[PDB]
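Q:
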Amino acid sequence: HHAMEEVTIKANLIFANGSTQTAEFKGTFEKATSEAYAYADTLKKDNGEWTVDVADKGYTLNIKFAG
């Protein structure tokens, strides 16, 4: 039985120069997680490629952009 509660995935976006931005995605776990990464992807054009460190049991995504 997989978790079907509506949850919030927090994306802590960290840019190359150290600046940050936080966005959150609400929905079932995997759907919301995929949406968080999809959002990060829209920022690659101006911020470069990203890497991630998953925290808080998967509810926090620390996404760092390179460059």
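Residue numbers (the entry's author numbering): -2 to 64. Even for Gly, the Cβ is constructed at its ideal location relative to N, Cα and C.
In this structure, how does DSSP classify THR25 when only helix, strand and coil are distinguished?
A: As a working mapping, residue 25 is identified with position 28 in the sequence shown. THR25 falls in the coil class under three-state DSSP.
Q: For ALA8 versus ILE60, is the C-beta distance shorter than 8 Å?
A: As a first step, residue 8 must be located in the sequence shown, where it is residue number 11. As a first step, residue 60 must be located in the sequence shown, where it is residue number 63. In contact: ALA8 and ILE60 (Cβ atoms closer than 8 Å).
Q: Thinking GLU3 and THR25 are a contact (beta carbons under 8 Å), I'd like their distance in whole angstroms, please.
A: Here residue 3 corresponds to residue number 6 of the sequence shown, with the count starting at 1. Here residue 25 corresponds to residue number 28 of the sequence shown, with the count starting at 1. Sure, about 7 Å apart at Cβ, within 8 Å.
Q: Going by Cα to Cα distance, which pick from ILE6, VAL51, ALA52 and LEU10 is closest to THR39?
A: The residue labelled residue 39 in the question sits at position 42 within the sequence shown. It is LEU10 whose Cα lies nearest to the Cα of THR39.
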